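> Pasting an experimental structure with its sequence.
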Amino acid sequence: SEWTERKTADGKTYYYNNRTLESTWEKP
């Protein structure tokens, strides 16, 4: 488990990063 791919009710799969505390919306 490296990146959190979770679906927010907005209909978006947001990649939230709690490892370094960063919000990523574009997959590296």
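Looks like it came in fine. Numbers count the residues shown, from 1 in each chain.
> From here on, just use CA atoms for contacts and neighbour counts.
Fine.
> For the residue nearest to residue 19 when sequence neighbours are not counted, what is the enclosing helix or strand?
For residue 19, the nearest residue in space outside its immediate sequence neighbours is residue 2; the separation is 8.0 Å by C-alpha to C-alpha, 6 or more residues apart in numbering. With secondary structure defined by DSSP states H and E, residue 2 is part of neither a helix nor a strand.
> go on, residue 13?
Under DSSP H and E, the secondary-structure element containing residue 13 is strand 12-17.
> Test my guess that residue 7 contacts residue 25.
No: here residue 7 lies out of contact with residue 25, judged by C-alpha atoms under 8 Å, at a distance of 11.6 Å.
> which residues are in contact with both of these two?
Shared contacts of residue 7 and residue 25, defined by C-alpha atoms under 8 Å, 6 or more residues apart in numbering, are found at residue 14.
> still on that earlier bit, neighbouring contacts of the strand holding residue 13?
Residues outside strand 12-17 that contact it (C-alpha under 8 Å, 6+ apart): 3-8, 22-27.
> Show me which of the residues you listed are buried.
residue 5 (16 or more other C-alpha atoms under 10 Å).
> Of the contacts of strand 12-17, which belong to strands?
Within the contacts of strand 12-17, residues falling in strands by DSSP state E are 4-8, 22-24.
> With distance to residue 15 as extra columns, can I get these in TSV?
Conversion of the ones in strands among the contacts of strand 12-17 to TSV gives the following (distance: C-alpha to C-alpha, whole Å):
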residue	distance to residue 15
4	5
5	5
6	6
7	9
8	10
22	9
23	7
24	5
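> Work out the gap between the strand holding residue 13 and the centre of the chain.
Averaging C-alpha positions (C-alpha atoms, centre = their mean, to the nearest Å) puts strand 12-17 2 Å from its chain's average.
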